[PDB]
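1. so I pulled this structure from the PDB, and the sequence comes with it:
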Amino acid sequence: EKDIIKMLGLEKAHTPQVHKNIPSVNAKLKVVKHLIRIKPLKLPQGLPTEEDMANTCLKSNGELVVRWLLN
Amino acid sequence: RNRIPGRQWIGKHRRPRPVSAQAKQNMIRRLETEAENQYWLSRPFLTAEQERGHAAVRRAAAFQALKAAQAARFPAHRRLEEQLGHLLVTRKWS
Amino acid sequence: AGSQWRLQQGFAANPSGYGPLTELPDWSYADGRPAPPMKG
Amino acid sequence: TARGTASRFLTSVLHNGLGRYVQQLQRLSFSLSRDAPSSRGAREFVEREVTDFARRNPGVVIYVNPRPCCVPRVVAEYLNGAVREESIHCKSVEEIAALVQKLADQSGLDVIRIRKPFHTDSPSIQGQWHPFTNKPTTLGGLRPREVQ
Amino acid sequence: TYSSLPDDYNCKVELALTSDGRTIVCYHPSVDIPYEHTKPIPXXXXXXXXXXXXXXXXXXXXXXXXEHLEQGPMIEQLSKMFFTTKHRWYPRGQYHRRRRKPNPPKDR
Amino acid sequence: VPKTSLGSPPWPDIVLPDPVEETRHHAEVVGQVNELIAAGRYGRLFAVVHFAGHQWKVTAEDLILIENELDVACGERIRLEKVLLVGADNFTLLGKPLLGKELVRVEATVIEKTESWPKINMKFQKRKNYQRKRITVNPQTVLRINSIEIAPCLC
Amino acid sequence: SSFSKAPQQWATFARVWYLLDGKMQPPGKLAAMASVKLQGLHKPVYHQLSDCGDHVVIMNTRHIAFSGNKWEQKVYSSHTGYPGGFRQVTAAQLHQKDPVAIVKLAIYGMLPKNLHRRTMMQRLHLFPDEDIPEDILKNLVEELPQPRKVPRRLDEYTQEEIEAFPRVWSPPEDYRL
Amino acid sequence: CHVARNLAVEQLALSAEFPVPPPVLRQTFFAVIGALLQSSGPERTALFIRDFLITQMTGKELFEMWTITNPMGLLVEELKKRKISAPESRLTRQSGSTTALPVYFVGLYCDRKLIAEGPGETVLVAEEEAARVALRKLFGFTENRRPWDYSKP
Amino acid sequence: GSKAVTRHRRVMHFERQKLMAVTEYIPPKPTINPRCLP
RNA sequence: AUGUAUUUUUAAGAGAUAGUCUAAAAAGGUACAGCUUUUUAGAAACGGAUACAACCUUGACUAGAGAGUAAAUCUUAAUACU
Ligand SMILES: [Mg+2]
Ligand SMILES: [Mg+2]
Ligand SMILES: [Mg+2]
Ligand SMILES: [Mg+2]
Ligand SMILES: [Mg+2]
Ligand SMILES: [Mg+2]
Ligand SMILES: [Mg+2]
Ligand SMILES: [Mg+2]
Ligand SMILES: [Mg+2]
Ligand SMILES: [Mg+2]
């Protein structure tokens, strides 16, 4: 279990991390599912372009925001 | 005057301690989170053969970086400026 | 406490995380010169 | 250790910084040897930096003596009447520099446990709590069981 | 005409919210104490220490009070006065007196 | 439903005025206050200020000790920005969870850059033979709050 | 707000004399608040090493109410220290002998266990009925709310409320009561 | 003396007896003041003086430096000058009379309006302090007062 | 250690007890009792 | 496959090889042990189970007169036969 979690980069608690929703990974997640909290990412403004890289924030509802704090 | 035989929590006779309403709550709470988890783990994006080799490109390259990392270990360059700069020790006014 | 309600509104669990609280550069020079940025 | 030492509340020297800020550092006396290695860093500092530092800070006097000394020393003195001693013994130029700048920005006040972070005169604007403050008065100001 | 708490005491209290909405405001004037709720100042002074015959003898009669009790009884009365136990009222030892901070710090 | 000790919920019932009446009452109260501010009838302000990871209760002329190093020349005048609360004898202004910069301003001065007194951190084990002693010194910075200034504008 | 220093401080730490009526109240629910007020935990200035604790006078002590059968099964024990000198007493008996005891033990057992308990035990005044020295009457500041709402007997209700409550069932006339 | 001591004026001064007995220090300090007055405008020395002296009043009271021993009388006089009539002392809050540590709050009333109020160990000292207060609000020396200006016009 | 089967009923490890307390039978609870219905 | 950074070798080394409980599968014993014997899992906090080696929560540094949380405070009921 420990090493699943190690190779998930889930080392440090209460920290979000991102992963492919493919099955290869779901093997692992299925092994540890009681140790974790999974929630779907959501992209309301859509995906970050390069200009939006320094402005991108992640809200606890599981949502990504591209433009953070205009002027 | 009511005693516990031996060690508190250990043997064939134990201090009785009861479950708490609190405890019931905590457990349910975890169960909730995990029901949600095994939901989100149900319906994958890709199928199985769909994800075949889908980054075989990246995964060998990371490993070539890993290889290249230890490639590079050799003793360090040694320079004049050190051996001689040790003489600044005696730097004087006169 | 109060993590729950905070969550349902969509804020951070902790008032320290990602809120305007932490984000803004809390001092300036009186002249108006924008302060040197923060390590956090 | 807390119970070991003295303490001081947090304070200003002569209410400094209120009307106009006044650098509290008065004089510095460097003592080094032109000859000894122990003073090496402090020699270089004397060459290059001292000059400019002096221009940085008009308010402070700097007395620099080469003397036959084996332990390089700098003595800060403060308007507070306080004096602080230091060794520049066997340090870099960078090192010395940073240290003199430490001395530059100090109160002259003594380094002791500082009981609480905030010195406030009359914190109590709009009132200071007393027992009655939230209690409703009655008619005639009578006791609980008093009759009239 | 609505406040959550009675305006009986302290302040009358006005909560309000900016039409913008990003600011709460409060108007709280002090509520002073009604002349109805007051009772007159106690005034008690009476001097019978004056003997009709001689008034220097009588004005030396208010300086005529003083007394002496034992440690135990005095301590009892002392502790019945300020509502403390008999313990506070005993001396402290040499070592313990020695270490009381000679010049204690002052705020304000 | 007669009156039984249960059938009646044991707590005083609730009435909150209609939102229009309250909108009027509010605009009113705010205005009155804004007139107290336009007047400058507030004697002395305090403000609860978020700074450097902490919250402090600040009034003019005073002093706080910050636990970390700030890079400013000694003596510089500095506008603290994040302000949670503001207050004065008669009335009080509350940020959600902050005040508009234009609404208030607080200018403080850095007084003394300094190093903290030695603190002693000692870890120890029973008969495992492990002592570790460390002495730590922390860079500290003392600011004097100079002025709390409040501007007229509020709506 | 603006006071001189000596008076200001005297005001802040000023002791208070509180009164609390015990008629028909659980000794427990009484001692709860009694203890609060004694430790000084109602005062926001509170601190442990600060002497603050407020006097408390409870009156009508004999008139304690005990929920359940507790009158019967709660026993108070104590020991002389002499062999066979051990004493178990029904609450009912104890209170019979000394009205004050019951409440005093509640409050005592309810404070922290350090020394100051002994001292705050001093500021606690306990009266079987309402008989109070006009000394202690004189200094009373304020009355505390009765911690339980006492149920009225049948005979308290106004005929208005007796009639106001609806007749639930209609009895048969023939039946005798 | 204290001030000039912390400005290193005692340090710089030429006089017999190094501890610089306080009078000589006063003289010397004010001498540096007048010399500033000659070397720079009165407007400049104004700034200086308000910086290194006025400040020392910070935190301090009115009746701290006034020392006036009958608050009551002065109160009535200043009231007379205000065309306000008769300060009326009336007891408001009291905790314990049998206490060794009783507390009184005496309110002061003019025409049934409450002008000021005060705490005390006896009714006497209470009246005294409520009077102190009244006087303070009258004259404008009050904690709530606007803290002093420092600005450069 | 006690064998997996005993005479004396065998104290459970705590977390298993927790599991029990959660999994207790809950009977369907009626809106209105059928008897006090008409 | 995939998610990760390990693993194998080569040159040098020592200690250790006298273990405890906890869940699990089994034997012995009395379907007895704080019992013994193996196999797989865990742990040995300054937090909670009052107190506590092993149970549960958590893995770590330095300073704050900041905040969010985790396990956990302790509950559960027993009447006639005309
Ligand atoms: Mg980690
Ligand atoms: Mg035992
Ligand atoms: Mg056992
Ligand atoms: Mg076993
Ligand atoms: Mg052995
Ligand atoms: Mg061996
Ligand atoms: Mg064993
Ligand atoms: Mg093992
Ligand atoms: Mg513990
Ligand atoms: Mg950490």
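-> Cool, got the structure. Numbering: from 1, shown residues only, chains lettered A, B, ... in the order given. Ligands and ions are numbered 1, 2, ... in the order given.
2. what does the closest residue to residue G:124 other than its chain neighbours show for phi and psi?
-> Nearest residue to residue G:124, sequence neighbours excluded (CB to CB, 6 or more residues apart in numbering or on different chains): residue G:56, at 5.5 Å. In this view, the C-beta of every residue, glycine as well, is placed from N, C-alpha and C. Main-chain dihedrals, residue G:56, degrees, to the nearest 10: phi -140, psi 130.
3. surely residue G:56 touches residue G:121?
-> No. If you go by CB atoms under 8 Å, residue G:56 and residue G:121 don't touch, sitting 10.7 Å apart.
4. who has more neighbours out of these two?
-> Neighbour tally, residue G:56 and residue G:121, criterion other CB atoms under 10 Å in any protein chain shown: the higher count belongs to residue G:56, 23 against 15.
5. is that one in a bridge, and if so with what?
-> Note on residue G:56: beta-bridge partners by DSSP bridges are residue G:18, residue G:124.
6. what's the burial count for the residue of chain A found nearest chain F?
-> Among all residues of chain A, residue A:71 sits closest to chain F, at 12.5 Å; criterion: CB to the nearest CB. Residue neighbour count, defined by other CB under 10 Å, stands at 2 for residue A:71.
7. state the distance from it to chain D.
-> Residue A:71 is 34 Å from chain D, where distance means CB to the nearest CB, to the nearest Å.
8. not counting its neighbours along the chain, what's nearest the residue positioned nearest the centre of chain A?
-> Nearest residue to the geometric centre of chain A (CA atoms, centre = their mean): residue A:18, 3.0 Å. Leaving aside its chain neighbours, residue A:18 sits nearest to residue A:41 (6.6 Å; criterion: CB to CB, 6+ apart).
9. ok, the one you found touching residue A:61?
-> No. Taking contacts as CB under 8 Å, residue A:41 lies outside contact range of residue A:61: 10.6 Å.
10. who touches both of these two?
-> Overlap of the contact sets of residue A:41 and residue A:61 (by CB atoms under 8 Å, 6 or more residues apart in numbering or on different chains) is empty.
11. grab the most central residue of chain E for me.
-> The centroid of chain E falls nearest to residue E:82 when counting by CA atoms, centre = their mean (12.3 Å).
12. one more: chain H?
-> residue H:62 (2.0 Å).
13. find the residue closest to it in space, skipping its chain neighbours.
-> Distances taken as CB to CB, 6+ apart place residue H:141 nearest to residue H:62, at 4.1 Å, with adjacent residues excluded.
14. the one you found and chain D, how far apart?
-> Going from residue H:141 to chain D by CB to the nearest CB gives 12 Å.
15. SS state for that residue?
-> The three-state assignment at residue H:141 reads coil, by DSSP: H, G, I helix; E, B strand; the rest coil.
16. could you do residue C:28 as well?
-> Classification of residue C:28 using three-state DSSP returns strand.
17. for residue F:120, same thing?
-> Of the three states, residue F:120 takes strand under three-state DSSP.
18. burial check on it, number of neighbours?
-> The number of residues packed near residue F:120 is 11, by other CB under 10 Å.
19. and the residue nearest to it when sequence neighbours are not counted, how many neighbours?
-> In space, and not counting its chain neighbours, residue F:120 is closest to residue F:135: 5.7 Å by CB to CB, 6+ apart. For residue F:135, the neighbour count with other CB under 10 Å is 9.
20. most distant residue from the middle of chain E?
-> No residue in chain E sits farther from the centre than residue E:20, which is 47.9 Å out by CA atoms, centre = their mean.
21. which element is it on?
-> For residue E:20, there is no enclosing helix or strand under DSSP states H and E.
22. contact partners for it?
-> By CB under 8 Å, 6+ apart, the neighbours of residue E:20 are residue F:155.
23. likewise for residue E:25?
-> Per CB under 8 Å, 6+ apart, neighbours of residue E:25: E:15, E:16, E:17, E:18, F:29, F:30, F:33, F:91, F:92, F:93, F:94, F:154.
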